[PDB]
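Residue numbers (the entry's author numbering), protein chains in the order written: chain A, 148 to 343; chain B, 889 to 941; chain C, 1272 to 1320; chain D, 1 to 201; chain E, 2 to 194, 202 to 210; chain F, 12 to 98; chain G, 1307 to 1356; chain H, 80 to 151, 155 to 167, 193 to 577. Working notes for the structure below.
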Amino acid sequence: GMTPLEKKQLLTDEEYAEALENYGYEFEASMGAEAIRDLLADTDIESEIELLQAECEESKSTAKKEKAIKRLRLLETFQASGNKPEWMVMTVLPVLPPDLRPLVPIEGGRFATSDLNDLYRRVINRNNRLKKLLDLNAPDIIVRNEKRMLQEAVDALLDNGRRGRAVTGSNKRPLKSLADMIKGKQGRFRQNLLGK
Amino acid sequence: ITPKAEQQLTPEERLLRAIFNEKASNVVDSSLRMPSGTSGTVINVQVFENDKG
Amino acid sequence: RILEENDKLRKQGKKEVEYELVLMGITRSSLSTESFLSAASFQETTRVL
Amino acid sequence: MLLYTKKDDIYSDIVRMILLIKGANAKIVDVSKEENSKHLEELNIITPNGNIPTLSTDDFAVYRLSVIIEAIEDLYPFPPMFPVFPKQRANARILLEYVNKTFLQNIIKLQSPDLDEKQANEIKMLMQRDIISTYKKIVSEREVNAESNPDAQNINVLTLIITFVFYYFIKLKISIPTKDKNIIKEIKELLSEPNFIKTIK
Amino acid sequence: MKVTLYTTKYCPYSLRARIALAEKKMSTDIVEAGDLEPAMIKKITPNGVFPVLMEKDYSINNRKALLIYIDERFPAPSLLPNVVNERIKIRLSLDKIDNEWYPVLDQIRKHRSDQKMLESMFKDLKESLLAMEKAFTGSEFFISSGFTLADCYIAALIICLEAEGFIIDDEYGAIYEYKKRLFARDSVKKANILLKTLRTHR
Amino acid sequence: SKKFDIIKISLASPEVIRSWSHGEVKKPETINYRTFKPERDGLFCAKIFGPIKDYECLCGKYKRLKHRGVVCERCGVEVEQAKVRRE
Amino acid sequence: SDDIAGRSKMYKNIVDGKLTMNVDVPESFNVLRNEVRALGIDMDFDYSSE
Amino acid sequence: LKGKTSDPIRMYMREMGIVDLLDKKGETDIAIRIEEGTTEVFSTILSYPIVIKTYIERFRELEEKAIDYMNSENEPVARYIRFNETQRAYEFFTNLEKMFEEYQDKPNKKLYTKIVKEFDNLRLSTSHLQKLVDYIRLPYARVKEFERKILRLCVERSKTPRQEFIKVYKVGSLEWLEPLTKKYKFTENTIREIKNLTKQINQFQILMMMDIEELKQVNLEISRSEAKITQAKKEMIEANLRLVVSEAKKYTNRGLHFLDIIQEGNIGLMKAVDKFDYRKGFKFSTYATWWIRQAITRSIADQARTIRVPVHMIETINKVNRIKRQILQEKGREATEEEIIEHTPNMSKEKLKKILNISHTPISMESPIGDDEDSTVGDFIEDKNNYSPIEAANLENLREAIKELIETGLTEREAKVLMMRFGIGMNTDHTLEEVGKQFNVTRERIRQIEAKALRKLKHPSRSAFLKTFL
DNA sequence: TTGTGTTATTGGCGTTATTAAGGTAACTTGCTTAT
DNA sequence: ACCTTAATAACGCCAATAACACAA
DNA sequence: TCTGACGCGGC
DNA sequence: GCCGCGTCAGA
Ligand SMILES: [Zn+2]
């Protein structure tokens, strides 16, 4: 917008309110994954590649442009492959065939779930409650809380323990997330591909 | 013995039932047998019945 | 050693390459390979994938 | 249960093979034979355009070899000429129609006496061109049909169809533009089918 | 599981498939083939024969066995007769309807450009229908005891030809005992258009 | 070639992820409690992922060799080998 | 270990007594391609002409 | 402060206890605010003609669905239309119908006031009110559908102007696209389509009233009033977020963690605020805890398990549990099911034999086993529904056996008959009347042929060898 | 080889036991769970 | 923790119909 | 425990 | 342009 602000300019709530006061429309500063996704979306490459390669043609990489070297490679790769860079923010995530997370019944008239069933059963009803809320037009605070709880469950499903205090079941064990199956000595590569 | 169902048996199984008049039993046995490589005798047989009956 | 030889006679030699060997550890030279499958099996799977 | 035929016609001899498969009451009758002018007239009474072949029962008469073969199959549960899986059935149908339109129509055309030079030439060119693709797709279809059920003693009709296409290709002095040893050896082995001998003689 | 059908507007076989699918007591996504991106439209099928299908692992287009594949893939109450001889006759009837029907719609659509040409065709259409009136009477929908596929076949020549200024029920001779018995079917009553409006157009 | 001879990795667009999906999951259900059959459209929905037995829908109606590629209509179950519940 | 076809195939070849082997691909690798595909990553077989 | 702390519960509690707790004065003030907002939107709704005729029409639909009952001694009961107004309802409706007829014929001011006052007599809380506001909205929705559609149909073809909108946008005309002969959009099919759509547009208006500006402003005023009410209710609900967290301290480990507990609470609260009228002098805090508790316990009973379980089966279980504890801590002994039933509203003696058979949440496959040779349960479950390479080798040894056994039987016939009538490499396993046609004869002695084949096959020359496979 | 007797199924019917939904108006307002 | 109600899917019914059998 | 590769903040 | 203090990744 014509407003003198900067695109990647973090604004606190009250400073944002003052921007709204003095300029009203002509600029949007949203919060949440939609914000990041919109940014990555409206991020032209050819506007940026050469503009940065020229700052690197101003090579004084003693401490400053020892940083700008990688962004070259990243932006070149994203051009070379053909991948939309906004794809790094999911909008629909897939599920795994059931016979890779079975629920077979075993002795004692009991069953043996897999830890993935639980994380799935959580992300699902959190998405459901979110849709119901967005429907009923609730206040934005609980909208925020749901939209954040959802991100938390998704991260737990992918690999819990990367950022928080990874969730546990009744037995109080840190659950065996998705990524936690294809790493480690007990994982999938050096356990059942070179094991057998 | 334990019961079962859902045969819908193969055509050949059907034929061979139909030759010797072989009926298809709905039950299957799961007994208790000493595993191979063992022998011996018996010294005590504890049996616990049902409740409230 | 391949791209140098690509230029070496195709165009003219087109001023191919000047380099200098560098010494890196065994783990460092292990993960730094080409095949992403073997590297991904070795260790630090998340990062390489 | 009668089938009017006419020698020198790929359609009639195709349905003849299909019948001899069942060996059913092939009460065969020709058309161009002067010993049955009356019954030729009869056919002309029971059909608009006197198309050959034509299957007649005490219930109806039919034409358009697609309908003919499908009615035969509706009629005889003899070792069959079709898959069991709806998708494979539909694919067989479509491929049959394709090879039909693209080859048998031209064959009927160059069966004419009033032909031209350029016409026969270009037609034989296209046939020599597309035979290879037809054969390849057909053997592929055969394989994939068979994997889903083995030892089924069921005959794939499209193989017979391509057999008769090749046989007429021979019977009209044209070249088959291949160089594969596999192609030609399987061709010849195919032509040597026992119950297939029953008619070509 | 899921299955959708891509269709265009004002096509005989498109409506044919629509009615058949509606009959099978099923549920499908209906997408009008005109609302997609042109490059996307063509990338669907690079040739383009709009009424096709969409299943998870298959895509069928050729409008000769399509209805057959429908009749076979969901054997929910059939669209083909149970008794074999009827099964044989009806397919040849389908051949009659198919092999020679181009001038009935295509020519009156494109080649008949003079109103004189159109009406000169119309007289022949009327007289051909009259010549056809000396045929089936009282039959349920066709030569049959119950509902068949040809029933779902003539509905296209009904609707699309009604859309060509050819309303003919009593100005059609004596084919009216079923041509009105036809539209007493739920599925065929998808041809064209207060509380009823809000309730129905959803 | 009949044998693949390279392997490549890449990001999945939301249009590839749908292309992989044989359905969609809507309610957090796994298996009925009293009888142990799968539930309608949960995390074991036999209509999406596949049947349970071989050549047999869930409601057990379409159970005969006459109909193999057939799709039942009481339950949305297909009819095919259970070996697809893993792919 | 884990070639579903090959298991029964070889156990058949033995009891009969002929020579043949079919070794298409193991199962654990398909399981891996699934588990990685259950993320936004697209691992897949392919062909190359360059 | 906003200091990188990740766990959301704090990032929610912080904002939660920000705005101040209020007193009965403020509560009743915002309550009368929402009430007058609702009465504004209500009154401003029914000042349009077609509203009441559509109301009467829906009553006619209920009339026919009521006549559909004696086909199977009162007016057939269905009052899902109005809440807390059937003889009075029906009679009032009759008056409504007739007086509305006279209204649509003669008058200008009086009888309109009469009908709005008899509506003032009625009582509808939020359901039917929204039913009416949609009665108004949905028509505008559909006409806007058709507008967007005609745009998308023409604008990306008709020279792609996209900025000469003011000239084309004149709606309900069908007089603009004819100059388009001397303009773009060679769109004959599209021409008849947009003419069909504009026909339906004018037809909808005819059903309702004059042009779009007859409804646009109605919807605008409705949006405004509704935004007032929404802000009022939002201020109301934001004042007592702490009540939720306070009550949600008891249910804390029964199966759900805390956040979703809180969310279910907030749902049950937001649903509570709009059905609580100040008309009675009371405390919002008293009545709202009912709804909070309902929501929390319902969600708990819903998603506290993997294998879902109906809610009645769960409250009965809770009842059994309380009884069991009461007796254990009273008489020492444990179960004595005779006593469990000897004083119980369960009113059954077999459900108990099942109500507690589902009393084991599934163990998780990834529980190590302490020492126990250092393994886990997730490697003792095994494949049970397949055919082990022996279970699938004793089959082809039979699948091919009889395929040869028969090859030493009939010349060809009984082979054909057994194949067709049993199904071997066939597709259907045909029936007697099918083979009956296969050979053109023998509708009956085909059965005789199969009987002969079978009596010929049960000879120790061919029988006892196969007898193993059974 | 053609007549007269079953039968096995199979859509229709009702029946109801089981599941899902909704509603109470004396006043009630912020854990952090632990080498 | 307790109701008070519609709504749904399993379960029992006896006829129809397509198929099978059994004496000359 | 460590040993480091790699940081990314005070000055 | 650097002296200390972090996280991650394997033991
Ligand atoms: Zn089913």
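Backbone N, C-alpha and C fix where the C-beta goes; we use that ideal spot for every residue, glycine too.
What number of angstroms, rounded off, separates the C-alpha of residue i from the C-alpha of residue j?
i        : j        : result
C68(F)   : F75(E)   : 13 Å
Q211(H)  : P128(H)  : 8 Å
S32(D)   : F196(D)  : 24 Å
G50(D)   : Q111(D)  : 17 Å
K1315(G) : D917(B)  : 30 Å
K302(H)  : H209(E)  : 18 Å
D86(H)   : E89(F)   : 45 Å
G53(F)   : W31(F)   : 18 Å
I513(H)  : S570(H)  : 12 Å
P246(H)  : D1352(G) : 54 Å
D115(E)  : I46(D)   : 39 Å
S148(D)  : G375(H)  : 55 Å
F142(E)  : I10(D)   : 37 Å
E213(A)  : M235(A)  : 26 Å
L150(E)  : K278(A)  : 43 Å
Does residue i have its Cβ less than 8 Å from a Cβ in chain H?
i        : result
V1321(G) : yes
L206(E)  : yes
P39(F)   : yes
Going by the CB atoms, is the gap between residue j and residue i shorter than 8 Å?
i       : j       : result
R96(F)  : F47(F)  : no
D262(A) : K330(A) : no
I216(A) : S208(A) : yes
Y154(E) : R17(E)  : yes
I69(E)  : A90(D)  : yes
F82(D)  : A92(D)  : yes
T468(H) : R412(H) : yes
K292(H) : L281(H) : no
Using a Cβ-based criterion (distance less than 7 Å to any ligand heavy atom), does residue i qualify as near ligand 1?
i       : result
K72(F)  : yes
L245(H) : no
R85(F)  : yes
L20(D)  : no
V144(D) : no
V82(F)  : no
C56(F)  : no
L69(F)  : yes
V88(F)  : yes
Under a CB-based cut-off of 8 Å, is residue i close to chain D?
i       : result
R29(F)  : no
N501(H) : no
Would residue i pass as an interface residue toward chain F - the criterion being a Cβ-Cβ separation below 8 Å?
i      : result
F85(D) : yes
Nearer than 7 Å: is that true of the beta carbon of residue i relative to any heavy atom of ligand 3?
i       : result
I187(D) : Among the ligands in the structure shown, ligand 3 does not appear; only ligand 1 can be found there.
With a cut-off of 8 Å, does the C-beta of residue i fall near any C-beta of chain C?
i       : result
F174(A) : no
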